[PDB]
Structures are given as C-alpha cells and as structure tokens.
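Spelled out from the first residue to the last, the chains are:
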Amino acid sequence: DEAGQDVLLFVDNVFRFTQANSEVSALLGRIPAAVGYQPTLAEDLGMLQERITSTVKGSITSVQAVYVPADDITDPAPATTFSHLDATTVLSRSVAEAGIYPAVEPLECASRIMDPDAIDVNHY
Amino acid sequence: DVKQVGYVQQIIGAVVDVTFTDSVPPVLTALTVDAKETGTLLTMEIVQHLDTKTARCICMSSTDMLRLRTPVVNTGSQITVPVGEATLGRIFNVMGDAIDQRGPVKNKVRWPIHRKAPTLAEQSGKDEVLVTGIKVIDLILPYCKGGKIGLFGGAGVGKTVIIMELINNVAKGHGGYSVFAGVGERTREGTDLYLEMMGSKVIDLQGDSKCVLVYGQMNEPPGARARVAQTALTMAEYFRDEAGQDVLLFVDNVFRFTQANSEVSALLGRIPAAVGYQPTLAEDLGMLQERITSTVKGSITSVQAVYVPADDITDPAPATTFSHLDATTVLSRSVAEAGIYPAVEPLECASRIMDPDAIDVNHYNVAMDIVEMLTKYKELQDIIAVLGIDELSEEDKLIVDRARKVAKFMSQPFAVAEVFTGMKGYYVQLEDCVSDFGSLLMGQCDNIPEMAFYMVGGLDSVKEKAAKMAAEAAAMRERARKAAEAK
Amino acid sequence: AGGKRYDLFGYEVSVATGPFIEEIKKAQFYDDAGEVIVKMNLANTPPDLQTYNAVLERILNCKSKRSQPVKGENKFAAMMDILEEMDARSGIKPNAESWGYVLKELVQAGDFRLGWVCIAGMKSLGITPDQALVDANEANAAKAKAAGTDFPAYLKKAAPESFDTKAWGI
Amino acid sequence: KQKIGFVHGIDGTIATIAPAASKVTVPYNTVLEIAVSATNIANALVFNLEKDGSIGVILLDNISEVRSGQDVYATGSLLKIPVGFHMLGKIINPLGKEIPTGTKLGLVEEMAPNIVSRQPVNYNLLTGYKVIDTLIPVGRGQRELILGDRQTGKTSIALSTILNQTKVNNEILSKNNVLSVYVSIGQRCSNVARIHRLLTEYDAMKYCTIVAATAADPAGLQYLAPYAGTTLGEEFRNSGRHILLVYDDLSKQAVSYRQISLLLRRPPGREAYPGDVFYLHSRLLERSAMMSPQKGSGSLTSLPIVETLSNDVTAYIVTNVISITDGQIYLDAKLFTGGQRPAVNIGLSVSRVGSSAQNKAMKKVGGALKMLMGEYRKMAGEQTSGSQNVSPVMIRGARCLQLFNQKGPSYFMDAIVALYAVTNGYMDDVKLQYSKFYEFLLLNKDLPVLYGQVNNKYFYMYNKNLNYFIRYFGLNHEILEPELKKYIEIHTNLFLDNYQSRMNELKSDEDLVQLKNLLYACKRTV
Ligand SMILES: Nc1ncnc2c1ncn2[C@@H]1O[C@H](COP(=O)(O)OP(=O)(O)OP(=O)(O)O)[C@@H](O)[C@H]1O
Ligand SMILES: COCCOCCOCCOc1ccc(C(C)(C)CC(C)(C)C)cc1
Ligand SMILES: [Mg+2]
C-alpha cells in the first residue's frame, strides 16, 4: 500500500495456522466439526487468504505450503485452500519415490493463467 | 366445555416448546396457533415432555415470524385427517388440507393419524395372493395381501405405468381403491403424476376416481415428511375397515421417510446410533409397516419404492426395510430397451409366498420351471455369443426358443397407456395364466412363432395375432405373386 | 360464441381476449406487446390465435423493439419465436394470416433466401401465399444477383493456402 | 426506536442477546439492528430463541465493530432485499448493498409454488454445448446439478450458459429472454471481478446480475447468498420472464450452515452437519419451477454446482442434491486432462427431462446420438489399446467426441448441422484430427459459396436467422433435408479434395506445428 513496491510472501505453512486454532476450539467451547477441525475454519482462513491479493497499489506474489496429512486431499484444510489460489501446485509420494524431483503430478495440478490468450499459444 | 391454551417458551429451528398451566396434553397431540400471528395456519405435534408443564413439539411448517409466548391451541387430539369417497381424486398434505385448489372436500368424519396397529386377533395368518392382473408379477412374484413389496426403478422403466395399472386392476378385480404417498417427492413429479392420472382417468374429475394422493414435498420440513405415510395409510384404513375391502399403498421412496425421521431425532438432540440414522430406526419404520397388514375385515398392501445409497444393501435403512418386505419387483433399463414392458427382470426378483403351503401347487411348479428355463437360457446366452447357436444340442436350442417365447410373453400391454400408444390392455387372470405358461412349458404350443407372444395377454389372445400375422404374410405373398405375374 | 377452453388441470379458462388485443394494437413498440401476454396469462385469459397475430402485426409495423435502440435487434426472430411458442409450447397452430406477416418482414428486410423457405413451408402446410410478395421476393433476389449481393463478399474471398491461424482470421 | 435487549456474548460471527427489563417478544427469523456506533449499524438475524430470554444471532455485517453491552433494536420484519429490473447490470451483496467496481422489496425465504402453480417443462435452455443440449438437455424449470472435482469446467459451463443467451435475447421479445443470476459463495473476491469483466466484455451483463458473498464475508451472509439470488429471480417468474440462477457453490454454503449451527449449539449429525441441511437445499431448489399459464408461464432454472473430492458421490451433500435435482451433470478430471473439455461422463450424467425440453430439430438428432454413444462405449470399452476398428459406430462416435470439445458456447444452428453430418456418415472420410477444421469451414466459412457450387436456393450457413426455421419445421422436414445434405456433401467433397489432401502432404517440422496450432485454435473458436 504505502511503498507501492512488489512483494514476495513465502509461507511455510498455511496448515499449521489452521490446526493452531483447532487446538483451541475445544477450549473455547465451539462444537468441533468433522475430522477434528473447528467449525469456523473456512471463514477464518478466508479472512487471511483475502488479505493476500494484489491491488491497484501493489502486488503480493505469495507462495504457500500446505501439509496434506496422510496424503489425503479430502482433508478440509487443503480442500478449502483450493479456492483461495491461482496455481494449485501438487506434490505426490509416487513421483518422489521414483527418484523424480520436484515430485509434481502435472495431472493433479492446474493453474489459472494457463489460458490461450494470457500466455503464448505454443506454450498452451 | 372449553378448550385448553398454552404459551410458547422457545423456538429452535423446527423445534418448539410449549408451557402450560395444567396437565400437558398427550404425546403426538397436535397444537394449533391461529394464522393471524404467523400469517398462515400452523400445527405442531408434541413429541417429548420436558417437565410437568412443558411440551416439546415438532413443527410441520415454517415457524418464521412466530413471536415468543404466543397462544397455542390444544386440538384435544392428534392430527385428524379426512377419510372417505370425497378423499378420492384429490391431493392432501399431512394435515389433510387439500392443495390441489379444487375446492373443499365434503367429508363426514375425520380420523386421527397415529392409529395403533392391528391386534394379533385382528390379523389373518392365512397368506393370500393379490391377483394383480400382470402375469409377470402373478407368476413369479405373487403380491401377498397385507404384505410389503419392493419396487426398484430409476427413470424410464415404466414405474409410473405399473403403479397406474395396479390402481386400475385393483379397482376392478378386487373392487378396492388405492392411495399414493409421496414422501420427499420432487414437486415436479407431483405435476407429472397428477396429470398422468387425468389422461389415464385414474383421477376422473368429472367421474369416479380411484386413488388418493398425498404429497409431502421436499420444500416441507422433516416433521411433515415423517408424518406423511401415516396420513396416506390412515386414508387406507378407512377403506380397509369401513368399506371392508382391499387397498394398495404406494410409497415414494422409504429412504426419504427414514431420512426425515433421522432429521427429527437430530433436532431433538438424540444421539445418532449408526451412520447417521436415528436410534429409533426400526421403531419408527415398524410403527408404520405393522399397520400395513391383512385383517379379518380387509387388507392394505404396500408397494414401496426403495433407494439404496451407494448400492449397499448393508446400510441400516435398506436393511431394516428388507426385513419387512415380502416381494421385490425389480425393474431394469436393459429389458426395457429390449422392447419388454413391464421391464421386470424375474430372476433377480424374489418372493416369500412362493411355497405350496401358501399357493396352489401348479402355480408353484410352473413358476419354478420358468425360473429354471430362463436361468438356463442366461447360461446358454453366455454360450451363444461365444460359440454360436449351432454349437448347441437339439435339446438346448428348444429351450433357447421357448425361453425367448416366455420372455416375449411376459411383455404385456396396459389399459393406462391405451390412449397414448393406442393398443388395448389385457387384464389376465391367475389360473388362466398358469395354464398358458404350462402349455408353453409342456411344448404343446411350440409351432407358434416368437413375435406373436410380444405384447399380448393370455394364450387365447395371441392366437388371433398369430392368425393375423399369417394372414398378413399370405396377403403379401398373394400381392407379390400377382404383381409379378401380371407383368 | 367462443367454445370452452380448459387448463391442464381442468379448471375453466377465460376466452374474452377482446380488450387485451386493443391493448396490443396501441403498443407503440413491439416489446410492450409481449408484456401483455403476461397479463393475459396472469388473468386466466390466455392468448388466442388472433392475439398472437396482433402481436405479429406490431412486430412488423412497429419501428423498433423498445424506446431506446437495441443491439442485435431483429423483427424476424421475434415473430418466429412467437410461432414456436404458439405451436410447441401452447399447441395453437398458425394460419395464413400469420405467415403473411412473417413473409412481409423478409420482403422488407430483403433477406430473399429465407423468404423462399417461408414460401416452401406455407406450401407444405397447405397455405396459398400472396403472389405480390412472391414477386417482390424474386425481384429482390434478381436485384441482388445483378450486383453480386446474392452472397456477401467475405465468403467469395479466396481461402488462404497457408495453414496460419492469422490468415484464417480466427 | 424501541429496543429488545443488549448483546451478551459473541463467538466470531455469532452473537447472543440478553433481553431488557421490559420483556418484549421477538420473532424467529427477523432482523436485529445492532448499534455498534451512533450512526453505523450491524444487521443480523435471529436463529434461535430460548426459555430464559435470549437470542442466538448471526451477524451479517460489521462484526469487528461489535462489543458486548451494546443496544439491540428490532425491525419486526423478515429479511428482504431490493427487487426489480433495476438490478440486472450490477453485482450485489446478499443484503442488496451494491458492491462498487473499478421501490420494491422481496423476501429471502418464500414458500415455493405448489404443484397446481406449475407446468411440465417444455422449452429448452441452451447451454451452447452440444454435449448437454443433445444428451442431457437442460429445460426451463429444470434444476440440474453440476458435479466434479476442482478445475474441471463447472463454473465455465454455468458461465457459458449465460453467454449463449445474449445473441438471442437481443433478437427475441423481452418475455422469452432468459436472464441470469450468478451466485458466488465462498469464492475468492477476484473471481467475481473476472466474471464481471468477462460478462461485460460480451454484453452479457445487461441480462445478468451477480450476488457476491466472498470468503472474507460472514458465514451467515454466505448462508443467504442463494436465497438472495432466488428472491431476485422470483419476480422475473412472477413478471412472466424467464430467469436462470447459478450457484458457485453450495458445498461451501453447507460449511457456512455448519459453522452457524454448531457455534449456536444446534445438535450435530453426519459430517457434523445438522439434520435440516437437506431441508436447507430443498428450501432453495424447489423454488425453481416452470410456472403455469395462470402464473405468467415464467420459469426459474438452476445450475447448482457441487464440488466432489476424489470422485466421491457417497458424500452427504452430494447424496442430498442428487436426491433433490431433476438430473445431474458429472465432470471428470481424467477426461479434462485427456483433451476432452467439457469433460462429462455421459453415463453418470442424467437428465430425467429427456425430450420434453428438446426442440423438434433436436429430438431426432440427440436421439440418434444416444443410439450412437451407448454403442460406442460397448465397443470402445472392449477394444484394445492398439486395435484398429473400422466401423460406422466407432468412426462417427470418435469424430462426435471431437465435436463435443469446444471452448465457449455455440449457436444452435452451429450445433445441429455439425452433428447431422456425423450421425448420417458425412464425417467419415475425414480424420479424427481434422474434425474441428471441417466444422470451422462448414459453419463460419462457406466453401460451396466460394467454389461456385450454388445449386442451393436458401440453405447456407452465413445468415444465422435460419435456425428459427429449423426449430419450427425441423431438419427432417422435406424442404430442409435435401438442401442440408447438398451443402454437407459439397462441403465434404471440396474439403476432402482441396484441404485434406494438402494437409497430409505437410511432412515438415514447422508446417505441422503451424497446422497443430490451427486445429487447437479451431477447437477454441468453434
Ligand atoms: N472447453 C474448455 N476448453 C478449454 N479449457 C476449458 C474448457 N472448459 C473449462 N476450461 C478451463 O478449465 C479451467 C477451470 O474452469 P472452472 O474455473 O470453471 O473450473 P472449476 O472447477 O470451477 O475451478 P475451481 O475448482 O477453482 O472452482 C479454466 O482455466 C478454463 O480455461
Ligand atoms: C425366500 O423368499 C425370499 C423373499 O424375499 C422377499 C424380500 O426380499 C428382500 C429383497 O432383498 C434384496 C436383496 C438384494 C438386492 C440387490 C442387491 C439385487 C439390489 C441392488 C442391485 C439394487 C443393490 C435387492 C433386494
Ligand atoms: Mg469454479
């Protein structure tokens, strides 16, 4: 806002922010939701994820890491993080054990600016 | 004499609590508050006493704009529903308030909704057969009077046409009316089912209708949908007892009758036992089914559609439902696409009354022989596609002919669709049907071709079609011979 | 006078569509006319064939769809949507008095090709089209044939031999 | 103004109330105006009542400005938003507050129409995609689900279904113009901006409003986004208009209802949801309808989106919405990655409204495609990875699958002819690679008009006012059938001779890439 500069915002990681409030939700008296998470997880994460966004003044090029426990994508914490991103990079044990790094599964991940018009046509 | 009044004390969703100053009314007792307050009439049935003067009551409509400590009128009893001839050709919600816009309903008396089940003395242990008129059912799956039946069908399998025909036949054969229960019914299907009952004259507005309709729709809370089948079944117990006759009770998916009660038990706070169904699963389901029984005075049969979530039979809702059923009228899209209508797959179906202790011996042996035949035909069908019909022996290809004849002979028309498709319908009796299949089984009608049995009823009816086919082909030969000889 | 008409569910339905037709003929723009069929429906007084044809009269005789201009406006599609509404949705069938309006528009607009479809369809349904408009349609056809307006110009242009995405104008 | 009480406690978005000494009754679903300051006010809603006198309340705005001890005034009226034709151009907030960008009031919760106030679906809603409008057609008043995992094309279907409706509603009367309402629940606030810019780019916002309840918004405001959208659609129904209504998405709406209900200590259930969360979506989707001629003959269609996870459909919400909806659409990522876009799975995708929605020209065509694809699967499933199959079914079906691939909607005229060519065998000599170039030349260009073949009085694919004859008479009609065949035959011969011959001769490095890019552009524009 003030300096008008461009910014990088690396985060390791967004999931520990989630379970930090999960460890307290029981003490607060909020009824827990499914897998052991707080009921206000999606709202609480959205109040942070929306702050991370470019404006007319500047641009934050954030990067986030997420822990997928047991390699289960169905966990609501990652699943709620899907909406709040543009490049949902995904890594997999299966590619990693094969000796391939970065252990990316290109089929399970897809970006937003993978368009015909935003980027070159040959690239697409 | 005067009437009792109570005061609300809390509202949590559909749940409402009602303080009194005297003895609380009984459980399941209905409590009305005038329409001036909420804007519309409002009924709530007591479920759960909390103290000597409080009465938790589940609400069947939306309790929006309901202030606190509003007056609440005790009806003196539970939900009194209409009953009678005037009920026919109409639609009723849970409270018996007609929703078809077709003026009032001129009924004499109005019976309560939670009637106790028939005593053991009122029962009739003699297992009887309901002559459906649909040979496919009657042969392999005799609908037992006072019994529960399963109907498994999605879209485009003739489910509607079956239930329409059942209404017609039971209206003329057994002289008995019917009743429909849409539990969690899509409100679109209410129109698509009420209008089919106008083209088929099952609901003759300017005449004598046959079926009652009861639509508890998805837009209604679960306190209503859970109390629907009791309504549609109370309509039927009048016809059972007073009119002294037999009745059908069609139930749109029982899965949605179970889900709604699960929701009620959740709202009340009752700990869900299992996957999420209420702890009172079998109780709330059995209080319904045990009223669906034969009697000395009549009968109520119930054709019940059942949804199987995830195709798993082990789930408590299907599993508890199956423990009450007696027959399973399965429907398949495969046979339907193969021209067969009704689209019944007899081998995967089953029945309980298939026992000569219940039915006569000929009806049993003939049916079991057909099951043997069509089973063998399935095996040989797995061989023909691999090897070829020429691979088969002379004994096998004969039953490969007769099984095809049988399967084509199961195809029956319907008087319901007589206006739509044009062809007549055939109400075929029970004993005549057994002699027909016994002829086709004993080989004494084998010279007849296959397609003659397609979409007919009764052996006495196909022979006109066989003669028609032969005469038609002979006329085509006499046309071709003289058209070629003239030139 | 007017025979009985019944809804789907059998309730009696009104036929006195008189005053609504005058309400249509006074419609200065042919989108206020379509907004009268709503009131006719909401009054349990659905539209008759004569009503739809009054609407087509205004779709033809009016100058524009609404007070302010509109992008992509078209009188023809309006009329034909009324016909698909009359036939398929409602069941009422058109008459010669309806295809007349539909044909006059294609003559005024000069789209001579679609006119011959209307001539080939009026003759399939058993209708006698006015020869005045057939002569005018053939006149516009020959007219356009002289000046190369028979087809537009952007189609007669030679195709690119190169398989470049830019040459084809994608 | 006379108050009812004062706030007692808050749990994030949730609040609690303590009644004043003057014990006054408060209704159950009304609005409570909280006096956060002397001027600013925090709207709210009653969600439960209690014996002792208290009100658990959901807060819809200005949550941070809430403090215990504040005064709390009551309106005595349900929630309601502005309503009318003065809203079609503008994004909004489910309280009606217009969101910026660089009278008549309607109730959020009204009872849906009864059966007598309805009509069986008879008219189609063209998504612009051949897939849907052929095999699982969407009617008006036909609520139809859109399932799939993340990033499959759900929002794109519901967003192209709007863009197709711009070319027509300009032409046709303003009674038959299906309008639209996009509804974003829990989506990122920038997605709404991209939708705004996109629909503004194609002049689709003149007939399309948007309801925005972002992830930063309260759960109670995400809870009421679809209700607000529906209430806007309801006057359009009551004014005889047609109207569409999209939800992106309901799976987040249920998270919001969970949040509310659990924090206000409602009894939980499966997946920690309450019992009446099936009833939640039934309060909503049943408001979709095809109304009766006593009710203007309007319609409200629904395209509710529901995100699955690992292709699960046994999930609670998915189970529920499938139990509610009048069909479904099922998108798959295994096909989205394989160049099949929109990536339907046609067997799992269903429209119980099969033909009553389709047009006269569409019943024959799509009825042939069912009889083509049901066979294409029995053959394609059993054949190897390496078998060559020369059969009319596999040929026509594979070329049809290529035609099903297209970015953005398609005009009806364009959708029919390209499929009539396949089912009747005209698109057999071409290759599976060059099918979209065949279609691009057939529809937009006109080869016989170019190459002199003009033995066709009227039938050409440049006018685009011709589909209103197809919709009426149908292509099986005698006048359109032979001309159709001639245009397709001549186009096919000219293609197979002039173009398909030059193509295979391009055995170079840069020419083949210059061609590959062409085909993958034809896929987009067509
Ligand atoms: N027919 C198509 N051809 C090419 N790309 C397509 C097609 N349909 C959709 N896409 C692409 O799919 C991507 C995602 O579309 P969309 O946002 O509708 O998916 P989504 O499942 O809603 O995503 P999210 O899960 O983030 O909501 C876009 O980048 C879009 O370009
Ligand atoms: C001996 O007489 C037995 C008569 O039984 C009558 C009651 O039968 C209960 C029905 O039980 C079933 C069992 C399996 C199924 C299947 C698995 C075929 C259903 C399916 C395919 C939809 C999952 C359906 C009903
Ligand atoms: Mg999306």
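Calculation rules
- Residues numbered from 1 in each chain as written, not as in the entry; some residues may be left out.
- Chains lettered and ligands numbered in written order.
- Part of a larger assembly, values for the part shown.
- Heavy atoms only, no water.
- Helix = DSSP H or I, 4+ residues; strand = E, 2+ residues; numbered from the N terminus.
- Rg over C-alpha atoms; globule rule 2.2 N^0.38 Å.
- Buried < 20%, exposed > 50% of the residue type's maximum accessible area, 1.4 Å probe, protein only.
- Contact = heavy atoms within 4.5 Å.
- Areas by Shrake-Rupley, 256 points an atom, 1.4 Å probe, with all protein chains shown as cover.
- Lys, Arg positive; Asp, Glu negative; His and termini not counted.
- Charge placed at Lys NZ, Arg CZ, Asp CG, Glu CD.
- Near = heavy atom within 4 Å.
- Polar contact = N/O pair within 3.5 Å; in protein donor to acceptor, adjacent residues only side chain to side chain.
- Nonpolar A, V, L, I, M, F, W, Y, C, P; charged D, E, K, R; others polar.
- Buried area = accessible area lost by both parts, 1.4 Å probe.
- Salt bridge = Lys/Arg side-chain N within 4 Å of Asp/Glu carboxyl O.
- Axes fitted to C-alpha atoms, helices over the stretch in contact; angles between N-to-C directions.
- Parallel < 35°, antiparallel > 145°, perpendicular 65-115°, else oblique.
- Left-handed = near helix turned anticlockwise from the far one by under 90°.
- Core = buried A, V, L, I, M, F, W, Y, C linked by side-chain atoms within 4.5 Å.
- Domains from an automatic or database assignment.

Chemist: Mind laying out the overall build of chain C, listing which residues take part and the relevant values?
Modeler: What chain C contains, in helices and strands, is eight helices and two strands. Seen in sequence order, chain C has helices and strands lined up from the N terminus as β-β-α-α-α-α-α-α-α-α. A globule of 170 residues ought to have a C-alpha radius of gyration of about 15 Å, yet chain C, at 20 Å, is considerably larger. With the C-alpha coordinates of chain C rotated into their principal frame, the extents come out at 65 × 40 × 30 Å. Taken over 170 residues, chain C has a buried fraction of 49%. When contacts within chain C are restricted to residue pairs at least 6 apart in sequence, long-range pairs at least 24 apart make up 57% of them. Carbon and sulfur atoms make up 52% of the accessible area of chain C, which totals about 8300 Å². When the 21 basic and 23 acidic side-chain charges of chain C are each reduced to a single mean position, those positions are 4 Å apart.

Chemist: So what's going on with the arrangement of the chains? Which residues, and what values?
Modeler: Across the four pairs of chains that are in contact, the largest number of contacts falls between chains C and D. Separated without contact, chain A and chain C have their nearest C-alpha atoms at a distance of 10 Å.

Chemist: Account for the site of ligand 2, naming residues and giving values.
Modeler: Residue and element names in this part refer to chain B. Residues in contact with ligand 2, as listed here, are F152, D311, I313, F322, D326, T328, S351 and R352. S351 is positioned with one of its backbone polar atoms (N or O) 2.8 Å from an oxygen atom of ligand 2. In isolation ligand 2 offers 640 Å² of accessible surface; the protein chains occlude 53% of this area. When its residues are assigned to classes, the shell around ligand 2 shows three nonpolar, two polar and three charged.

Chemist: Explain the site of ligand 1 residue by residue, including any values.
Modeler: Residue and element names in this part refer to chain D. By nearness alone, 14 residues border ligand 1, and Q151, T152, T155, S156 and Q406 come closest of all. A distance of 3.2 Å separates an oxygen atom of ligand 1 from a polar backbone atom of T152. One of the side-chain nitrogen or oxygen atoms of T155 is found 2.7 Å away from an oxygen atom of ligand 1. Contact with the protein chains removes 78% of the 630 Å² of surface that ligand 1 exposes when unbound. Sorting elements by how many residues they give to the shell around ligand 1 places helix 2 (residues 154-171) first, with three residues. Residue composition of the shell around ligand 1, grouped by class: three nonpolar, six polar and five charged.

Chemist: Help me get a handle on the interface of chain C and chain D, residues and values and all.
Modeler: With 58 residues of chain C in contact, the opposing surface of chain D contributes 67 residues. Counting the surface lost from both chain C and chain D, the interface buries some 5400 Å², and carbon and sulfur atoms represent 62% of this. Its largest share of buried area at the contact with chain D, chain C owes to C:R89, C:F163 and C:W168, together 15% of the area lost on that side. The partner of D:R241 in a salt bridge is C:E35, with the nearest N and O atoms 2.8 Å apart. Our count for the chain C to chain D interface comes out at 13 residue pairs in polar contact. Taken together, the elements giving at least two residues each to the side of chain C that touches chain D come down to helix 2 (34-42), helix 4 (75-90), helix 5 (96-109), helix 6 (112-122) and helix 8 (153-156) of chain C. It is helix 4 of chain C that contributes the most residues to the side of chain C that touches chain D, eleven residues altogether. Residue composition of the side of chain C that touches chain D, by class: 33 nonpolar, seven polar and 18 charged.

Chemist: Requested: an account of the packing of helix 4 (residues 219-238) of chain D against helix 5 (residues 250-263) of chain D, with residues and values cited.
Modeler: All names here are of chain D. Interhelical geometry of helix 4 versus helix 5 gives an angle of 135° and a closest axis separation of 8 Å. Regarding the angle of helix 4 to helix 5, the classification is oblique. Seen along the crossing, helix 4 lies across helix 5 with a hand that is left-handed. For the pair formed by helix 4 and helix 5, the contact residues are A219, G220, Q222, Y223 and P226 on the first element and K252, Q253, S256, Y257, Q259 and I260 on the second. A breakdown of the residues in the contact of helix 4 with helix 5 according to their chemical character gives five nonpolar, five polar and one charged.

Chemist: Give me the nonpolar core: which residues, what numbers.
Modeler: Core analysis: the largest hydrophobic core is formed by 141 residues, its most contacted members being C:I59, C:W99, D:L199, D:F437, D:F469 and D:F495. Per-element accounting of this core gives the leading share, ten residues, to helix 15 (residues 480-504) of chain D. Taken domain by domain, the makeup of this core includes at least three residues from each of domain 2 (80-352) and domain 3 (353-526) of chain D. Sequence-distant contacts of D:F495, that is, excluding residues within four places in its chain, are made with D:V430, D:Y434, D:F437, D:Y438, D:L441, D:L447, D:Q500 and D:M503. Residues B:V157, B:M198, B:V330 and C:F9 belong to the second largest nonpolar core, which totals 74 residues.

Chemist: Go over helix 6 of chain C with me, naming the residues and quoting the values.
Modeler: What sets the pattern is the α-helix's 3.6 residues per turn: residues three or four places apart point alike. Of all eleven residues that make up helix 6 of chain C, ten are buried, and the element is covered over most of its length. Where helix 6 of chain C is concerned, the buried positions are C:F112, C:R113, C:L114, C:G115, C:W116, C:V117, C:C118, C:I119, C:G121 and C:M122. In the core, the buried residues of helix 6 of chain C are packed alongside helix 4, helix 5 and helix 7 (131-146) of chain C together with helix 14 (467-473) of chain D.

Chemist: Quick rundown of the domain arrangement of chain B? Include the residues and the values.
Modeler: The accessible area lost on association of the parts is a frequent measure of interface size. Residues and elements named next belong to chain B. Each domain of chain B was delimited in the assignment, giving domain 1 (4-78), domain 2 (79-353) and domain 3 (354-476). A separation of 31 Å is found between the C-alpha centroids of domain 2 and domain 3. Between domain 2 and domain 3, the contact holds 29 residues from the first and 31 residues from the second. Summing both sides of the interface, domain 2 and domain 3 together bury roughly 2700 Å²; the carbon and sulfur share of this comes to 70%. It is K135, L139 and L347 in domain 2 that bury the most area against domain 3; as a group they hold 28% of the surface buried on that side. Broken down by secondary-structure element, the contributors of at least two residues to the side of domain 2 that touches domain 3 are helix 2 (135-140) and helix 3 (159-172). The element best represented in the side of domain 2 that touches domain 3 is helix 3, accounting for six residues. Of the residues contributing to the side of domain 2 that touches domain 3, the split by class is 15 nonpolar, eight polar and six charged.

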